[PDB]
Each structure stands twice: as C-alpha cells, then as structure tokens.
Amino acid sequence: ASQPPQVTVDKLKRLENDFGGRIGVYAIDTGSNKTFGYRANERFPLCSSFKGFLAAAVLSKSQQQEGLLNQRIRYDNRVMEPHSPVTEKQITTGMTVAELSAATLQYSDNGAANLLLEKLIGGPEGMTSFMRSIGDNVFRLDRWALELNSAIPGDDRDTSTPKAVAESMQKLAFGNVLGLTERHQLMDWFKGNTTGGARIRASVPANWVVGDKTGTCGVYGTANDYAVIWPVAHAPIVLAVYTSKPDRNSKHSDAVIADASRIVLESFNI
C-alpha cells in the first residue's frame, strides 16, 4: 500500500526545482521497517541540529555516573555565545546538567551546548566519539557551537547525512543504546522542542505527536529538522530533512522543509 518510491522522488525533485537548492531526506517506519530516501547519503551541514545528539550523549554518560543530571554547573564571568536565551538568565543560579540538556535541545541554546561539550562530553571530538559508539560512522563534529555553522559547499566539517541522522535517532529513541529511563527522558525533551513549529510539525495533523530538533546555519540557505513522529494508532516514523542552497547570501525556507516532510510522510499512506 505505500506510494512507489519514484513518485516520491519525482515530487521532491519538483520541490527542489522550486526551492532553488538541494533537499535530502530519509524516513523509517519503525513498525514495518520500510524506508525512503532522496539524496539520503549526501552530506549536509548539521548546524545546531547536533544538540539533540548532545543531549543523548549526556544521558548516556549519566547512565554510568549516578546523579550526573542533578549536578549544578556555574559559569560566572563566562562570555556567553549568541543565541543563549536560557543560560544568559541563569548565571546567578547556575544550571543543572539536566537543565542545560533541556535548554540546548529545546531552545537551541549555544551557551548550554558549549558548556556540555567543554565540561562533560569532551568537545567536538568527544561528541563524534559518542556517535561512533552507537554505530554512526558518518556523523562528524569538528568545531564548537558557533563556528560549526559556516555551511560552505564541499566542506565536510560538521556534517552528517539524512540517512545517518535518521538511523541514529531511531537507535536512540527505540533501540538498546540508552536505558528505558534515558530513552524516556530523551523523547520528552524532543517532544518539548520550541523551535520547530514551521518545519516537520507543520506537515502533520494536529493530533499527531512530534519530537524534533532543528538547525538553521544562517548562511547558504542551509536549515534542517529531524524528528520522531507518532501518528494516530500507527508505529512511530523517524524522519530527517536537510536542505542547502548554492548561494551564500540566500535565505533558508521553513516552508520547503515542511513541504518535503509532507511528501515523504504521505508516501507511507498511513
């Protein structure tokens, strides 16, 4: 009963032609294990979207270090990165590791990302090592939170593929690499993301549940979203949508990401 893959490809190519850039997608039906990809093994900049996996890396560490999520981190006199809306308000109080994780995922707080990278996960190298440890041999993080967003065509730094992003999200959400407590916490964080209203969430009926993490590099029309989607009485779908444009000075398009998501999800004929 699903749509022929070439129909879905044909629709995405027309969308690409309209957008004036490149669209890469991969989707997994976790109940039938049917999959769909388009440019699925092409590399795209992660932008801020790595932060969902950063939160996962923190939970993995906490599964081995009792009470890590409750540890308070203070950062008096630190120069905070732009787009740090949570951490810039909690300097006097400090934040716990759980609060920093929730902030980096749900608000795309760069300060929180770099705090967790510096103090817990071992920098871009350590973030990459965590992804290797779950069998993702594609992901790479090379730079810290601000600098990783240059999105230059041809530069493989701070990139992954739609396939690898979706496959790693499926592992973390539903597989064995995290314990039950940790899976549940990760999915609750994704469900409460606040930055994705115009992307994958905008492609699904309002009574479906979504957890997602976005990225918006701010250059080269480069932006993305990946998600777990729970349709009504259907197995969850994992979806990654990555985009870029050839011109440095172009703007990204939220609508193209929502439209690509819609095409892909409709192809499963849920």
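Throughout, we count residues from 1 along the sequence that is shown.
- Here the stretch with the larger average CA B-factor, out of 126-134 and 67-75, is 67-75.
- The mean C-alpha temperature factor is higher for 180-188 when 180-188 and 139-147 are set side by side.
- Taking the deposited Cα B-factors for 171, 89, 163, 199, the highest one is held by 89.
- Remark: of 109, 118, 155, 167, 155 shows the highest value [criterion: C-alpha B-factor in the PDB entry].
- Ranked within its chain, residue 105 lands in the lowest third, by CA B factor from the PDB record.
- When the modelled residues of the chain are ordered by their C-alpha B factor, residue 203 lands in the middle third.
- In this PDB entry, residue 35 carries a Cα temperature factor that places it within the middle third of its chain's modelled residues.
- When the modelled residues of the chain are ordered by C-alpha B-factor, residue 237 sits in the middle third.
- The PDB entry assigns residue 45 a C-alpha temperature factor belonging to the lowest third of its chain's modelled residues.
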